[PDB]
Every structure is written in structure tokens, then in C-alpha cells.
Amino acid sequence: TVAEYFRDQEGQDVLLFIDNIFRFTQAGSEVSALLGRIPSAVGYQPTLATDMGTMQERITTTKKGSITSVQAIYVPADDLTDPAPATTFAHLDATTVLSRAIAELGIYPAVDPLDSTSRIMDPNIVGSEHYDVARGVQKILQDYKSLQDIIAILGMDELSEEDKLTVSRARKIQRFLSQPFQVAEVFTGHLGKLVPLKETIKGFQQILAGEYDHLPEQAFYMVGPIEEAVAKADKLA
Amino acid sequence: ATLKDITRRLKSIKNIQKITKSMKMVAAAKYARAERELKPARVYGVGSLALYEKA
């Protein structure tokens, strides 16, 4: 209700942080029983969809401003078939699925890359340089997963070699996404390094170009733009 | 375990099953090739030592 004021009235491009809608929904669900109502499967509140719907639809970009909605969604057991997230997606425009695995892979940004998506992306919209780089990236990495399966047989420095190159690249790529945090001296120690966009697209595009195919692999970890990663290799040796 | 876990497992096992199986024929083929290769060869190596023997 407040934000709608600003949006329409104050025009504002609202950034709306919600942490977490999940708790709302959950709150709804909690009551559901006690509202006498049936809850739902997965415990929910039967009305969940509208609850959401009305809400999600409550907010938008009119031609009376925009509420840009940064909505934290706790995802229990990161289980997303977990009806709530399952629904959520419809109301999402860009889905950011943060991957605990990746987090575990030490990465910060710890994201789930392939599931942090926007159905939106396009070689038009984002330009193909963007798009394509991404599709290539998305591709290779998923394929790399296929390769993990190989590696399980074949080992830390033994495979089929082109494929090895790409593996290694994937290993760089991974690292290249890793990015410091100014806030988090506590998580990073580092201080944030921001990458202005082109430098990113290029960043990977270049990696894709394999221009560092002789550069160290984790000379990509916790960086800002790609140069600095190159720089970083030197800093080692 | 929860079905996932099972699958997860399974997933791989199946994979394995393939992979190994794959590797099985792949190997078998190689192997087969090698098998072929043995005929003159057989002789050839057998031959190779074939005399520090008599003499």
C-alpha cells in the first residue's frame, strides 16, 4: 500500500525488498487450519494462488511507475516443487535461484546460474552477444555436468582433452563469476568489485574466446571485471 | 532415502551402468580389434624370441 503511493503518486521506481513473501504465505498457511479451513497439500493454505496472485498482481509497472520487486523467497530444502515456489515462478519475471551447491562450491555470488533465469532473455533483447554467450555458457556447463560423470572415472587431471579444455574453462568460468563483497568482510574479506555490464559479456565472451587458456583457473575467483583477473594471475606469480 | 536421494543415486547408477556398459563394448571393440591384430602378430612375437631358445 505504501509503495503503490510512491509508485503512482511519487512516480517512483520502487525497489521492493520483500524478505520473505514466503513468510507471508506461510503465515497464511498457518492460519488456514485455524481459520477452520483446510490448509493444503504440503500443508499450504488452499487459496495460495490467489493470495499470491492478487498480491503479485497487486504490484507491477503501470505507466504510473514501477515497483521492481526484489522478492526474497525462502525455498525450503530448496525444494521448489514445494508448491509455493512452484507457483511463484508464474509471477516471476526473473527468477533468481540461488544455488546452495554453488555457494558450497564456495562461490559468492553463490547463485544457481541456470535457474537464475529470466524467461525474457534474448539475442534481441539483450542482444545476441549477451544471449548467445549465455546460451553457450549454459550449454557448456550443463554438458560439463555430463562430464562430471566421466571425471568420476577419469580423474583430477585425466580425460579426453578438448573436453578437458572446456572443463578447465568451466572451472575458470565458475571462478570468474565469483565476486567480492564490500559488505562482507565477514563472508569475503574482500571488498566488492563491480563489473559494469559489457565488461562482463565480453568477460565471458573472451573466456569463450579462450584468451586465458594459459591463465590460471582460479585467477578468476572473486573478481570484478576480467582484466583484473588477468592481473590477479600475475599477483600470484 | 527420499526419493531424490534414491534418484540421485539411481541416476548415476544408471549412468554408470551405461557408462560402463558403454565402456564395455567400446573396450570390446578395441579389444576386438586387438584380437584381430593378433594373428600374424602372434607368430611375430612368438617368432621374436623364437631362437634364444634353440641356441
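Conventions used here
Residues numbered from 1 in each chain as written, not as in the entry; some residues may be left out. Chains lettered and ligands numbered in written order. Part of a larger assembly, values for the part shown. Heavy atoms only, no water. Residues with missing side-chain atoms left out of burial classes, pairs and counts. Helix = DSSP H or I, 4+ residues; strand = E, 2+ residues; numbered from the N terminus. Contact = heavy atoms within 4.5 Å. Rg over C-alpha atoms; globule rule 2.2 N^0.38 Å.

- Per the deposition metadata, cryo-EM was the technique used to determine this entry, at a resolution of 7.10 Å.

Some thoughts on the overall build of chain A
(1) Moving on: Scanning chain A from terminus to terminus reveals nine helices and four strands.
(2) Moving on: In chain A, the order of α-helices and β-strands from amino to carboxyl end is α-β-α-α-β-α-β-α-β-α-α-α-α.
(3) Moving on: Dimensions of chain A along its principal axes, counting C-alpha atoms only, are 65 × 45 × 40 Å.
(4) Moving on: At a minimum sequence separation of 6, the contacts of chain A that also span at least 24 residues come to 56%.

Section: the overall build of chain B
(1) Moving on: Across its full length, chain B carries one helix and zero strands.
(2) Moving on: Computed over the C-alpha atoms, the radius of gyration of chain B is 22 Å, more than 25% above the 10 Å expected from 2.2 N^0.38 for a compact globule of 55 residues.

Notes on unusual backbone geometry
Residues and elements named next belong to chain A.
(1) Moving on: Cis peptide bonds are those with omega within 30 degrees of zero, and the linkage from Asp 19 to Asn 20 qualifies with -5°.
(2) Moving on: Inspection of the secondary structure puts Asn 20 in the loop between β1 (13-19) and α2 (21-32).
(3) Moving on: Looking along the chain, the bond that leaves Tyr 108 and enters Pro 109 is cis, with omega of 0°.
(4) Moving on: With phi around 50°, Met 222 is a residue other than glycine that occupies positive phi space.
(5) Moving on: In this fold, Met 222 is placed in the loop between α8 (197-208) and α9 (226-236).

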